[PDB]
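Following: one structure in structure tokens, then a few remarks.
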Amino acid sequence: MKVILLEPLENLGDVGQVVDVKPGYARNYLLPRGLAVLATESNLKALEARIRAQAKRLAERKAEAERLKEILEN
RNA sequence: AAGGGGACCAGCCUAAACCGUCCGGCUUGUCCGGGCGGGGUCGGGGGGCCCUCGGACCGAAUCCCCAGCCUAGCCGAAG
């Protein structure tokens, strides 16, 4: 089924990406070896929490920047 | 079996959303989930979260106290 990959993974995807596999792969390879995690509501969120948080931390980074763009070059 | 006639008669608590707290996980975070707490219980669909308005009567299957009752008994007419 669906999993959230914790690492980069050959022909599946980049970390954090959500890909769809056969459950045998997931349960006997991916999950045990901390390579991916099941795509449950409960960590489908932790995907987006990490996302939102990432977006905002960059937002301030382009904020206190825009300060240092008008206050500088001036 | 529905139905009709009867017996008895009684209706409730949660899960979830939302809020709070404590605890532990690592990826700190508007995170995730574990407990406890609040909130909620319905088929005129009900509940949550917001806006306005409103403004003591119920009531236990729980806890008391009592009557009554069971576990000995007693009085009891007239040759």
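To be explicit about the labels: the chains of the structure tokens are called A, B, and onward in the order shown, and within each one the residues are counted from 1, while ligands get numbers from 1 in the order they are shown.
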Those in chain A with helix (DSSP H, G or I) from DSSP, as a PDB file with N, CA and C atoms, in the first residue's frame:
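Result written to part-v2.pdb:
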ATOM      1  N   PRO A  23       2.387  -4.818  -0.082  1.00  0.00           N
ATOM      2  CA  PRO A  23       2.500  -4.835   1.377  1.00  0.00           C
ATOM      3  C   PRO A  23       3.616  -5.751   1.856  1.00  0.00           C
ATOM      4  N   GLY A  24       4.003  -6.734   1.049  1.00  0.00           N
ATOM      5  CA  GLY A  24       5.042  -7.664   1.447  1.00  0.00           C
ATOM      6  C   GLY A  24       6.371  -6.957   1.536  1.00  0.00           C
ATOM      7  N   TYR A  25       6.625  -6.123   0.531  1.00  0.00           N
ATOM      8  CA  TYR A  25       7.810  -5.275   0.484  1.00  0.00           C
ATOM      9  C   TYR A  25       7.871  -4.405   1.737  1.00  0.00           C
ATOM     10  N   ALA A  26       6.817  -3.625   1.944  1.00  0.00           N
ATOM     11  CA  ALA A  26       6.692  -2.761   3.105  1.00  0.00           C
ATOM     12  C   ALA A  26       7.045  -3.465   4.404  1.00  0.00           C
ATOM     13  N   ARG A  27       6.335  -4.547   4.679  1.00  0.00           N
ATOM     14  CA  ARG A  27       6.324  -5.123   6.018  1.00  0.00           C
ATOM     15  C   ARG A  27       7.558  -5.946   6.359  1.00  0.00           C
ATOM     16  N   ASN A  28       8.236  -6.441   5.330  1.00  0.00           N
ATOM     17  CA  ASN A  28       9.371  -7.323   5.530  1.00  0.00           C
ATOM     18  C   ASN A  28      10.683  -6.709   5.079  1.00  0.00           C
ATOM     19  N   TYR A  29      10.634  -5.459   4.630  1.00  0.00           N
ATOM     20  CA  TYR A  29      11.843  -4.783   4.194  1.00  0.00           C
ATOM     21  C   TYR A  29      11.843  -3.361   4.690  1.00  0.00           C
ATOM     22  N   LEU A  30      10.922  -2.592   4.133  1.00  0.00           N
ATOM     23  CA  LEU A  30      10.895  -1.158   4.317  1.00  0.00           C
ATOM     24  C   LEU A  30      10.711  -0.795   5.784  1.00  0.00           C
ATOM     25  N   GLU A  41      -3.094   7.994   8.618  1.00  0.00           N
ATOM     26  CA  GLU A  41      -3.592   9.316   9.002  1.00  0.00           C
ATOM     27  C   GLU A  41      -2.633   9.961  10.022  1.00  0.00           C
ATOM     28  N   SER A  42      -2.290   9.176  11.042  1.00  0.00           N
ATOM     29  CA  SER A  42      -1.419   9.569  12.159  1.00  0.00           C
ATOM     30  C   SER A  42       0.036   9.985  11.826  1.00  0.00           C
ATOM     31  N   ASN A  43       0.562   9.571  10.677  1.00  0.00           N
ATOM     32  CA  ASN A  43       1.841  10.119  10.223  1.00  0.00           C
ATOM     33  C   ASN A  43       1.774  10.650   8.793  1.00  0.00           C
ATOM     34  N   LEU A  44       0.573  10.604   8.215  1.00  0.00           N
ATOM     35  CA  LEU A  44       0.260  11.413   7.046  1.00  0.00           C
ATOM     36  C   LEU A  44       0.289  12.878   7.469  1.00  0.00           C
ATOM     37  N   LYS A  45      -0.102  13.119   8.714  1.00  0.00           N
ATOM     38  CA  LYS A  45      -0.004  14.439   9.309  1.00  0.00           C
ATOM     39  C   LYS A  45       1.448  14.893   9.514  1.00  0.00           C
ATOM     40  N   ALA A  46       2.221  14.101  10.256  1.00  0.00           N
ATOM     41  CA  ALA A  46       3.646  14.376  10.467  1.00  0.00           C
ATOM     42  C   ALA A  46       4.388  14.668   9.161  1.00  0.00           C
ATOM     43  N   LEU A  47       3.822  14.232   8.041  1.00  0.00           N
ATOM     44  CA  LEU A  47       4.312  14.670   6.754  1.00  0.00           C
ATOM     45  C   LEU A  47       4.074  16.168   6.667  1.00  0.00           C
ATOM     46  N   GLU A  48       2.809  16.559   6.784  1.00  0.00           N
ATOM     47  CA  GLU A  48       2.412  17.962   6.615  1.00  0.00           C
ATOM     48  C   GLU A  48       2.859  18.923   7.726  1.00  0.00           C
ATOM     49  N   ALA A  49       2.955  18.424   8.953  1.00  0.00           N
ATOM     50  CA  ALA A  49       3.524  19.222  10.038  1.00  0.00           C
ATOM     51  C   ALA A  49       4.955  19.638   9.685  1.00  0.00           C
ATOM     52  N   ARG A  50       5.754  18.663   9.250  1.00  0.00           N
ATOM     53  CA  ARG A  50       7.117  18.912   8.793  1.00  0.00           C
ATOM     54  C   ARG A  50       7.116  19.884   7.611  1.00  0.00           C
ATOM     55  N   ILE A  51       6.147  19.711   6.705  1.00  0.00           N
ATOM     56  CA  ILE A  51       5.984  20.585   5.541  1.00  0.00           C
ATOM     57  C   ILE A  51       5.668  22.033   5.948  1.00  0.00           C
ATOM     58  N   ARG A  52       4.564  22.208   6.685  1.00  0.00           N
ATOM     59  CA  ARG A  52       4.101  23.529   7.113  1.00  0.00           C
ATOM     60  C   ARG A  52       5.232  24.260   7.819  1.00  0.00           C
ATOM     61  N   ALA A  53       5.785  23.591   8.830  1.00  0.00           N
ATOM     62  CA  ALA A  53       6.928  24.094   9.600  1.00  0.00           C
ATOM     63  C   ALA A  53       8.117  24.487   8.746  1.00  0.00           C
ATOM     64  N   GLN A  54       8.367  23.705   7.700  1.00  0.00           N
ATOM     65  CA  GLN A  54       9.439  23.989   6.756  1.00  0.00           C
ATOM     66  C   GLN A  54       9.128  25.253   5.969  1.00  0.00           C
ATOM     67  N   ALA A  55       7.904  25.336   5.465  1.00  0.00           N
ATOM     68  CA  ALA A  55       7.469  26.525   4.733  1.00  0.00           C
ATOM     69  C   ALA A  55       7.590  27.845   5.532  1.00  0.00           C
ATOM     70  N   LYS A  56       7.150  27.812   6.791  1.00  0.00           N
ATOM     71  CA  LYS A  56       7.157  28.992   7.647  1.00  0.00           C
ATOM     72  C   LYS A  56       8.562  29.393   8.071  1.00  0.00           C
ATOM     73  N   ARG A  57       9.414  28.417   8.385  1.00  0.00           N
ATOM     74  CA  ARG A  57      10.785  28.747   8.799  1.00  0.00           C
ATOM     75  C   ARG A  57      11.531  29.415   7.645  1.00  0.00           C
ATOM     76  N   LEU A  58      11.210  29.008   6.417  1.00  0.00           N
ATOM     77  CA  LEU A  58      11.758  29.655   5.235  1.00  0.00           C
ATOM     78  C   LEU A  58      11.088  31.014   5.054  1.00  0.00           C
ATOM     79  N   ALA A  59       9.827  31.136   5.470  1.00  0.00           N
ATOM     80  CA  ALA A  59       9.094  32.405   5.335  1.00  0.00           C
ATOM     81  C   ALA A  59       9.722  33.542   6.145  1.00  0.00           C
ATOM     82  N   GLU A  60      10.021  33.268   7.411  1.00  0.00           N
ATOM     83  CA  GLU A  60      10.787  34.204   8.230  1.00  0.00           C
ATOM     84  C   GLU A  60      12.189  34.427   7.638  1.00  0.00           C
ATOM     85  N   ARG A  61      12.784  33.367   7.103  1.00  0.00           N
ATOM     86  CA  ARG A  61      14.091  33.469   6.459  1.00  0.00           C
ATOM     87  C   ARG A  61      14.033  34.420   5.255  1.00  0.00           C
ATOM     88  N   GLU A  64      13.082  38.472   7.769  1.00  0.00           N
ATOM     89  CA  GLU A  64      14.284  39.135   8.309  1.00  0.00           C
ATOM     90  C   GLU A  64      15.352  39.359   7.218  1.00  0.00           C
ATOM     91  N   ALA A  65      15.184  38.655   6.097  1.00  0.00           N
ATOM     92  CA  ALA A  65      15.885  38.940   4.854  1.00  0.00           C
ATOM     93  C   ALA A  65      15.380  40.253   4.276  1.00  0.00           C
ATOM     94  N   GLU A  66      14.087  40.322   3.977  1.00  0.00           N
ATOM     95  CA  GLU A  66      13.542  41.525   3.345  1.00  0.00           C
ATOM     96  C   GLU A  66      13.752  42.793   4.172  1.00  0.00           C
ATOM     97  N   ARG A  67      13.892  42.626   5.485  1.00  0.00           N
ATOM     98  CA  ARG A  67      14.454  43.678   6.319  1.00  0.00           C
ATOM     99  C   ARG A  67      15.855  43.999   5.769  1.00  0.00           C
ATOM    100  N   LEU A  68      16.790  43.060   5.927  1.00  0.00           N
ATOM    101  CA  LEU A  68      18.150  43.202   5.380  1.00  0.00           C
ATOM    102  C   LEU A  68      18.238  43.382   3.853  1.00  0.00           C
ATOM    103  N   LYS A  69      17.129  43.733   3.204  1.00  0.00           N
ATOM    104  CA  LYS A  69      17.195  44.121   1.800  1.00  0.00           C
ATOM    105  C   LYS A  69      16.881  45.596   1.645  1.00  0.00           C
ATOM    106  N   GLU A  70      15.982  46.090   2.495  1.00  0.00           N
ATOM    107  CA  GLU A  70      15.604  47.508   2.476  1.00  0.00           C
ATOM    108  C   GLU A  70      16.498  48.345   3.396  1.00  0.00           C
TER     109      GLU A  70
END
Selection near residue 50 in chain B, 12 Å with only C-alpha atoms (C1' of nucleotides), sequence-local residues under 2 positions removed, as a PDB file with N, CA and C atoms (P, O5', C5', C4', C3', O3' and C1' of nucleotides), in the first residue's frame:
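Once everything was written out, this is around-v1.pdb:
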ATOM      1  P     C B  18     -10.575  17.791  16.024  1.00  0.00           P
ATOM      2  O5'   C B  18     -11.157  18.812  17.098  1.00  0.00           O
ATOM      3  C5'   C B  18     -11.844  19.980  16.683  1.00  0.00           C
ATOM      4  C4'   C B  18     -12.363  20.763  17.858  1.00  0.00           C
ATOM      5  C3'   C B  18     -11.377  21.023  18.981  1.00  0.00           C
ATOM      6  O3'   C B  18     -10.473  22.064  18.703  1.00  0.00           O
ATOM      7  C1'   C B  18     -13.382  20.263  19.903  1.00  0.00           C
ATOM      8  P     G B  48     -22.739  20.204  21.082  1.00  0.00           P
ATOM      9  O5'   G B  48     -21.319  20.195  20.345  1.00  0.00           O
ATOM     10  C5'   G B  48     -20.222  19.464  20.891  1.00  0.00           C
ATOM     11  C4'   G B  48     -19.055  19.384  19.928  1.00  0.00           C
ATOM     12  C3'   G B  48     -18.337  20.689  19.632  1.00  0.00           C
ATOM     13  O3'   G B  48     -17.471  21.094  20.676  1.00  0.00           O
ATOM     14  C1'   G B  48     -18.678  19.516  17.614  1.00  0.00           C
ATOM     15  P     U B  52     -21.669  37.081  20.293  1.00  0.00           P
ATOM     16  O5'   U B  52     -23.212  37.264  19.944  1.00  0.00           O
ATOM     17  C5'   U B  52     -23.751  38.555  19.693  1.00  0.00           C
ATOM     18  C4'   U B  52     -25.237  38.500  19.431  1.00  0.00           C
ATOM     19  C3'   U B  52     -26.123  38.179  20.629  1.00  0.00           C
ATOM     20  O3'   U B  52     -26.342  39.290  21.492  1.00  0.00           O
ATOM     21  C1'   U B  52     -26.787  36.846  18.804  1.00  0.00           C
TER      22        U B  52
END
query: Would you list which chain B residues are within 12 Å of chain A using only C-alpha atoms (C1' of nucleotides), as a PyMOL selection string?
result: chain B and resi 26-33
Written selection (N, CA and C atoms (P, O5', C5', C4', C3', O3' and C1' of nucleotides)) as a PDB file, in the first residue's frame:
ATOM      1  P     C B  26      13.694   8.621  20.997  1.00  0.00           P
ATOM      2  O5'   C B  26      13.636   9.561  19.710  1.00  0.00           O
ATOM      3  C5'   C B  26      13.256   9.041  18.442  1.00  0.00           C
ATOM      4  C4'   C B  26      12.919  10.140  17.465  1.00  0.00           C
ATOM      5  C3'   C B  26      14.074  11.082  17.110  1.00  0.00           C
ATOM      6  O3'   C B  26      13.946  11.480  15.740  1.00  0.00           O
ATOM      7  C1'   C B  26      12.275  12.336  17.960  1.00  0.00           C
ATOM      8  P     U B  27      15.249  11.793  14.844  1.00  0.00           P
ATOM      9  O5'   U B  27      14.740  12.991  13.905  1.00  0.00           O
ATOM     10  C5'   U B  27      15.393  14.261  13.901  1.00  0.00           C
ATOM     11  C4'   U B  27      14.405  15.413  13.928  1.00  0.00           C
ATOM     12  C3'   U B  27      13.504  15.478  15.167  1.00  0.00           C
ATOM     13  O3'   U B  27      13.392  16.824  15.688  1.00  0.00           O
ATOM     14  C1'   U B  27      12.169  15.391  13.181  1.00  0.00           C
ATOM     15  P     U B  28      13.753  18.148  14.820  1.00  0.00           P
ATOM     16  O5'   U B  28      13.596  19.302  15.913  1.00  0.00           O
ATOM     17  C5'   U B  28      13.300  20.642  15.538  1.00  0.00           C
ATOM     18  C4'   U B  28      11.861  20.980  15.824  1.00  0.00           C
ATOM     19  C3'   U B  28      11.633  22.308  16.540  1.00  0.00           C
ATOM     20  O3'   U B  28      10.445  22.929  16.037  1.00  0.00           O
ATOM     21  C1'   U B  28      10.864  20.473  17.907  1.00  0.00           C
ATOM     22  P     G B  29      10.405  23.529  14.534  1.00  0.00           P
ATOM     23  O5'   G B  29       9.309  22.610  13.811  1.00  0.00           O
ATOM     24  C5'   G B  29       8.623  21.573  14.520  1.00  0.00           C
ATOM     25  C4'   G B  29       7.276  22.035  15.027  1.00  0.00           C
ATOM     26  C3'   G B  29       7.329  23.229  15.992  1.00  0.00           C
ATOM     27  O3'   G B  29       6.508  24.361  15.562  1.00  0.00           O
ATOM     28  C1'   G B  29       6.221  21.327  17.040  1.00  0.00           C
ATOM     29  P     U B  30       4.920  24.274  15.203  1.00  0.00           P
ATOM     30  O5'   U B  30       4.223  24.254  16.645  1.00  0.00           O
ATOM     31  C5'   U B  30       3.333  25.297  17.043  1.00  0.00           C
ATOM     32  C4'   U B  30       1.913  24.799  17.149  1.00  0.00           C
ATOM     33  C3'   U B  30       1.686  23.378  16.613  1.00  0.00           C
ATOM     34  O3'   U B  30       0.651  22.736  17.369  1.00  0.00           O
ATOM     35  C1'   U B  30       0.345  24.900  15.400  1.00  0.00           C
ATOM     36  P     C B  31       0.778  21.179  17.786  1.00  0.00           P
ATOM     37  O5'   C B  31       1.596  20.539  16.574  1.00  0.00           O
ATOM     38  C5'   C B  31       0.974  19.607  15.700  1.00  0.00           C
ATOM     39  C4'   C B  31       1.964  18.612  15.138  1.00  0.00           C
ATOM     40  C3'   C B  31       1.665  17.143  15.411  1.00  0.00           C
ATOM     41  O3'   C B  31       0.642  16.603  14.583  1.00  0.00           O
ATOM     42  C1'   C B  31       3.946  17.561  15.826  1.00  0.00           C
ATOM     43  P     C B  32      -0.670  15.951  15.255  1.00  0.00           P
ATOM     44  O5'   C B  32      -0.301  14.413  15.309  1.00  0.00           O
ATOM     45  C5'   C B  32       0.635  13.862  14.405  1.00  0.00           C
ATOM     46  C4'   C B  32       1.394  12.721  15.031  1.00  0.00           C
ATOM     47  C3'   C B  32       0.650  11.921  16.083  1.00  0.00           C
ATOM     48  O3'   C B  32      -0.317  11.021  15.547  1.00  0.00           O
ATOM     49  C1'   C B  32       2.828  12.373  16.852  1.00  0.00           C
ATOM     50  P     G B  33      -1.666  10.688  16.381  1.00  0.00           P
ATOM     51  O5'   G B  33      -1.119   9.847  17.625  1.00  0.00           O
ATOM     52  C5'   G B  33      -0.173   8.782  17.463  1.00  0.00           C
ATOM     53  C4'   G B  33      -0.012   8.011  18.742  1.00  0.00           C
ATOM     54  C3'   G B  33      -1.333   7.740  19.450  1.00  0.00           C
ATOM     55  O3'   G B  33      -1.265   6.526  20.173  1.00  0.00           O
ATOM     56  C1'   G B  33       0.032   9.059  20.849  1.00  0.00           C
TER      57        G B  33
END
field: Residues of chain A in strand (DSSP E or B), written as number ranges by chain
entry: A: 2-5, 9, 13, 18-20, 36-38
task: Write out as number ranges by chain which residues come within 12 Å of residue 22 in chain B when counting only C-alpha atoms (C1' of nucleotides), dropping same-chain ones fewer than 4 positions away.
output: B: 34-37
So that I have them on file, write out the residues from the current selection with N, CA, C and O atoms (P, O5', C5', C4', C3', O3' and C1' of nucleotides), as a PDB file, in the first residue's frame.
ATOM      1  P     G B  34      -2.562   6.014  20.967  1.00  0.00           P
ATOM      2  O5'   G B  34      -2.122   6.178  22.486  1.00  0.00           O
ATOM      3  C5'   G B  34      -1.326   5.183  23.111  1.00  0.00           C
ATOM      4  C4'   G B  34      -1.205   5.407  24.594  1.00  0.00           C
ATOM      5  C3'   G B  34      -2.444   5.928  25.309  1.00  0.00           C
ATOM      6  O3'   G B  34      -3.422   4.931  25.560  1.00  0.00           O
ATOM      7  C1'   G B  34      -0.582   7.181  25.997  1.00  0.00           C
ATOM      8  P     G B  35      -4.956   5.357  25.857  1.00  0.00           P
ATOM      9  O5'   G B  35      -4.882   5.973  27.349  1.00  0.00           O
ATOM     10  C5'   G B  35      -4.371   5.205  28.448  1.00  0.00           C
ATOM     11  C4'   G B  35      -4.149   6.045  29.701  1.00  0.00           C
ATOM     12  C3'   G B  35      -5.342   6.832  30.214  1.00  0.00           C
ATOM     13  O3'   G B  35      -6.245   6.033  30.946  1.00  0.00           O
ATOM     14  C1'   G B  35      -3.381   8.180  30.309  1.00  0.00           C
ATOM     15  P     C B  36      -7.812   6.331  30.863  1.00  0.00           P
ATOM     16  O5'   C B  36      -7.975   7.646  31.751  1.00  0.00           O
ATOM     17  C5'   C B  36      -7.627   7.656  33.128  1.00  0.00           C
ATOM     18  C4'   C B  36      -7.543   9.066  33.660  1.00  0.00           C
ATOM     19  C3'   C B  36      -8.716   9.977  33.351  1.00  0.00           C
ATOM     20  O3'   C B  36      -9.870   9.718  34.112  1.00  0.00           O
ATOM     21  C1'   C B  36      -6.739  11.156  32.956  1.00  0.00           C
ATOM     22  P     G B  37     -11.304   9.974  33.441  1.00  0.00           P
ATOM     23  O5'   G B  37     -11.372  11.567  33.372  1.00  0.00           O
ATOM     24  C5'   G B  37     -11.187  12.347  34.543  1.00  0.00           C
ATOM     25  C4'   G B  37     -11.098  13.820  34.236  1.00  0.00           C
ATOM     26  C3'   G B  37     -12.185  14.394  33.356  1.00  0.00           C
ATOM     27  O3'   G B  37     -13.422  14.553  34.015  1.00  0.00           O
ATOM     28  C1'   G B  37     -10.127  15.223  32.640  1.00  0.00           C
TER      29        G B  37
END
Show me, as CSV, the residues of range 43-75 of chain B having an atom within 12 Å of range 11-16 of chain B, each with the closest atom pair and its distance in Å, using only C-alpha atoms (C1' of nucleotides).
residue,atom,partner,partner_atom,distance
B:47,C1',B:16,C1',9.7
B:48,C1',B:16,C1',9.8
B:60,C1',B:12,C1',10.5
B:61,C1',B:12,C1',9.6
field: Length of the CA of residue 8 in chain A to CA of residue 21 in chain A vector [Å]
entry: 15.2 Å
field: Interatomic distance (Å, one decimal) between CA of residue 40 in chain A and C1' of residue 38 in chain B
entry: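 Answer for the CA of residue 40 in chain A to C1' of residue 38 in chain B separation: 28.1 Å.
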